[PDB]
């Protein structure tokens, strides 16, 4: 109707990951050398895939990660890299630039758990979730426009779940945004899970340039595009590291 693969990759490391500082949207700096190497390893890993569509956070570390992946790709040089602010990392407001532990301290000082707490000038979970839902609606519209009309095999390889799926989007984003996105796919939209992936495993944090994959089936429910099936394939893969 339209079936398409979505590969999701977290940005590479900046200078600030090493120090375990909260980056969010307000720390917008380039990849470290490690970051470059992570992105290059991810690019070699995915080099045999044709990405028909590429969507990227407009934060620099995400842009560069995507550039390096595409620069390593054997098939996707004609693909325009779409910059989408909807893919930006969760904003952590005044907490940005502080070590990650400080966020815990602020939460505790406000009598709230970390899941409940939003620092001044940051986004709530609901706000980020809203950005992913908007991205998704926009994703479905763009994918059906270019590609639409009226069980995954998991071998431990770069093309798992997508060996014979020609329509393939790449999404390059950030750790907290990706975590929230996966949660929406898994919890809200109740996507199928493969091979021993369950609730417990699916919610682990994605490492820098960690790679996840879902297969979407979509159609027109009389003028409204909806997913008739979302199939998880793999989450947070880092073999290339």
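Residue numbers count along the first chain shown, from 1.
Per the record, residue 150 and residue 151 are separated by 4 to 9 deposited residues that have no coordinates.
When the C-alpha B-factors of 165-173 and 91-99 are averaged, 91-99 comes out higher.
When 19-27 is weighed against 5-13, 19-27 comes out higher, by mean CA B-factor as recorded in the entry.
Across 200, 38, 57, 64, the greatest Cα temperature factor reported in the deposited entry is at 200. For the set 68, 193, 49, 211, the PDB entry assigns the largest Cα B-factor to 193. Looking at the C-alpha B-factors along this chain, the one for residue 189 belongs to the highest third.
Residue 158: CA B factor in the lowest third of modelled residues in this chain (values from the PDB entry).
Per-chain ranking of the deposited C-alpha B factor places residue 82 in the middle third.
Sort the chain's modelled residues by C-alpha temperature factor and residue 231 lands in the lowest third, per the entry.
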